[PDB]
Amino acid sequence: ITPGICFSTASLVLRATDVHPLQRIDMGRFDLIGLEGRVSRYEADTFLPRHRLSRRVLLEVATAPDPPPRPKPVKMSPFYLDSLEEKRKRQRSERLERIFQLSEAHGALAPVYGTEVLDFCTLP
Amino acid sequence: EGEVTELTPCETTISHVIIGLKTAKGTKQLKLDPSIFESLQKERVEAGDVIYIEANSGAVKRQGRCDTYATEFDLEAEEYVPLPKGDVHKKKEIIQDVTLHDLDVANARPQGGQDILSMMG
Amino acid sequence: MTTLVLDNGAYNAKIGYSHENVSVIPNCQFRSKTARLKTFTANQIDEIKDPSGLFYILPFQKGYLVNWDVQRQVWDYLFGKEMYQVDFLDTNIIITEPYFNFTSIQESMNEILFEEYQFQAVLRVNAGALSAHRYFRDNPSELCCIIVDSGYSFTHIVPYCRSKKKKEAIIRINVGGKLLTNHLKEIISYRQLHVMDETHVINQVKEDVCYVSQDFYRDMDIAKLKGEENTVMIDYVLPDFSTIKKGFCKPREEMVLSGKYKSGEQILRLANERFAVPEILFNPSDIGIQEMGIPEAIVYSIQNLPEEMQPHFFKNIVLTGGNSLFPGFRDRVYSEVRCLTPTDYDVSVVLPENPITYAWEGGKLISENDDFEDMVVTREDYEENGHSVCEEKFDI
Amino acid sequence: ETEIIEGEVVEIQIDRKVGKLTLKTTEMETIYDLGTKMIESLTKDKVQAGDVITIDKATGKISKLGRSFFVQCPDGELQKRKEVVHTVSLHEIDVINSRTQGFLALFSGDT
Amino acid sequence: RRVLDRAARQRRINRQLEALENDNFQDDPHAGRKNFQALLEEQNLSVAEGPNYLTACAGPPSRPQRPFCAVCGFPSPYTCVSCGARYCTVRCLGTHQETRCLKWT
Ligand SMILES: Nc1ncnc2c1ncn2[C@@H]1O[C@H](COP(=O)(O)OP(=O)(O)OP(O)(O)=S)[C@@H](O)[C@H]1O
Ligand SMILES: [Mg+2]
Ligand SMILES: [Zn+2]
Ligand SMILES: [Zn+2]
């Protein structure tokens, strides 16, 4: 029994391939092989074209009050600041725009084959 | 990006994760998609750690402990990192060039995957 | 007719008339080995010529009035024929009290002021209340402020609304100028030379050389060096009171690295004590006090208060007291509070030109108001209702 | 630059996690309050009193270089800031960054 | 070497901290009424009984304590075994052992 080889290198070498997120683009917009076995032809072709969110619907839901509580089953301003609130509503608008843009981006790609095609073609 | 001052999952399962990130320019409270909680737990993120979270992907990287906690023990195997200087929320508009081969090789093999076949790959 | 404004601090008494200027006079008696039978009172310390080995007789212990005889003597000297010639029967007095002053001390204050001197009317407030009044007079648009009173014997952080003091959120840090001076003495005595009997000289040294560091560990690394690159290190010549009346710092061009000087000056070399001593205010745990520092205590006091009022408190941080005169104090407080405060809330820290006399100016302003007569408690009302109504009217 | 702790172990205490470690040189002795990661590192590599060890502070890399009562105990300061210089070839950088655990290919071909 | 229990270390810390509040270190040059503790015990001040002197005391800091050398003040990686005092170098350790370790000279 021998001790292992301790190979020592510069700490900077282990960060050679690392790129900060602010310096690289999202490669998930070109991810075709990741959709296989997870995304179906129904989602890409029939569902999403009909049930994609719009900015108007998102804004309406965000601005509207909370929905009324679900019924139980039955067996049958001195301290107000204008600048702070303007900042907060600008932040809310940015957040809603980000939600919309990410929802569009995360369902933009359609599978090459899809779960239905693979299941149909996969014999026991 | 910033030092973690609070990490509280909100139960309905977890509806969302409220995180508190600190920088030299202030503190920000963020509501995270519940899928990021798995990434935060995998990265072993606790209060006092300096992390960054990608808004578009939910990726979490724990890049060490804050150097303000360097004296909490006399001998720990930790990497102590300065508190980030700018704002917690950082926006940058970038132009990156890729070639068609990069997109081809990115789709030749799967990435990640918690299945046994994916891990062995 | 006239109104007397007094800030009975544990170190300096800010005494003056409402229509005149302000005087800073030490509020303690002195004894020296150069005088056999002679106790100096208040500003008589100017008469002594060899303040080395000076003995201090203080009327305050841990920031509260506990010795009544020396305080009575100091008051008699200040109100006597030599200083102000106060006509007690026709004069109103505004005198400040420590925070959370004990019931017994308040009773003794009321009894002494209303019987031994028989003042026409007395208004006992806190120095923070006067500072808040002055700040609101200067800034009429602000609805809330937070006052940091880093004084001789403690450092309180008290938030004030327009006409009310938030008693729930008062936080005290047991680090003051007394502790800093004693710690500097102990450090110098343990490291270079015994100065434990030179409280006056060490206090002047602290006032002259100490500063608050923006980068603590960079400054420590700079101080650890030897040679030209050690910019923090300076040489201080202690006063011998024979040819050097007052202490001074040698110029950098005249500094000698070896430390030996042909002139027989007693030189005290301070490198890391310049910012280690002031750091106790921001980090009490450096020396062993398990208490939060000034910025964290400010943030804690604000965050205890309701959410709607927090941004206003963050916008009106006011630094008062002697310890606030350290170089870099305001910038350090602003940087630390900015780091801890939420990014949506703006942070503004204001250091007045004379933080020592802020409370006296506030007292003068409150004396000039037309609502002054309603605040005070009269002697005629004192006879019957006084001992309760003194507690009732004064918001101590 | 790295911080290297080299000394002789005097006493090691671990309790259900908190721990203490006492190290000595021929000129000074010290007690350390240990963190969780260093406690785990010292548990994985059996360290007992009398062993002469060196610790890389940032990584917990503990290597036992003998026992003393055989290598003589270190003399000077226990904690030393050292300048470590590595000359790394471009091939080594490429192989290390080629894949996870890719540095193994520097020894077994398989690049 | 000898070892001091927790009570001794806490007593030394309390004694050093209380000495920082002393008015003077020497005695009266003339060589020939209450105190703060008497005032506190007379006030009969109870915790959680509204805002008062005791409840106003600042709580423990969140940031951990930073060790400094008991001899020169620079940061100290080392802790003295016998008394628990911090120190940074062999010279500082020798000075501490000769001056303030065990017997308090
Ligand atoms: N230029 C200066 N630099 C540093 N400290 C200073 C300076 N001038 C005065 N001090 C300190 O200021 C303190 C006294 O400030 P004050 O607030 O006036 O004390 P005091 O208010 O009379 O006592 P309290 O705390 O109100 S009971 C002393 O500890 C001095 O050492
Ligand atoms: Mg005062
Ligand atoms: Zn030292
Ligand atoms: Zn010791």
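Throughout, chain E uses Swiss-Prot numbering, with the displayed residues spanning 16-47, 81-153 in order.
We read in the header that electron microscopy, 3.3 Å was used to get this structure.
Cβ from N, Cα, C; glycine included.
Beyond the ends of the coiled coil (E:23-39), by six or more residues, the same chain brings 131-132, 152 to within a C-beta distance below 8 angstroms of the stretch. Residues or ranges marked as coiled coil by Swiss-Prot: E:23-39.
The motif 'Nuclear localization signal' annotation in Swiss-Prot covers E:38-47.
The Zn(2+) 1 binding site annotation in Swiss-Prot covers E:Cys117, E:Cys120, E:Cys136, E:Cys140. Taking the Cβ of E:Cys120 (Zn(2+) 1 binding site) as reference, residues of its chain lying under 8 Å away and at least six apart in sequence are, in sequence order, E:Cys136, E:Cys140.
Taken from Swiss-Prot, the feature Zn(2+) 2 binding site covers E:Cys128, E:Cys131, E:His144, E:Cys149, and the record attributes it to sequence analysis. The Cβ of E:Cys128 (Zn(2+) 2 binding site) lies under 8 Å from the Cβ of E:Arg134, E:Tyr135, E:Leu141, E:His144, E:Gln145, E:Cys149, each on the same chain and at least six residues away in sequence.
The Cβ of E:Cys117 (Zn(2+) 1 binding site) has E:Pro123, E:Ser124, E:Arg134, E:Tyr135, E:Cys136, E:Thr137, E:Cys140 as same-chain neighbours under 8 Å, each 6 or more residues away in sequence.
Report note: the Zn(2+) 1 site is defined by E:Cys117, E:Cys120, E:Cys136, E:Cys140, and the residues of the same chain whose CB lies within 8 Å of the CB centroid of those residues, excluding them, are E:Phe116, E:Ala118, E:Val119, E:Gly121, E:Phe122, E:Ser124, E:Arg134, E:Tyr135, E:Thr137, E:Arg139. Neighbours of E:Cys140 (Zn(2+) 1 binding site), defined as other CB atoms within 10 A of its CB across all chains, total 22. The Cβ neighbour count for E:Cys131 (Zn(2+) 2 binding site), using a 10 Å radius and every protein chain shown, is 20.
Here the motif 'Nuclear localization signal' (E:38-47) is broken down by DSSP into helix, strand and coil counts: 0 helix, 0 strand, 10 coil.
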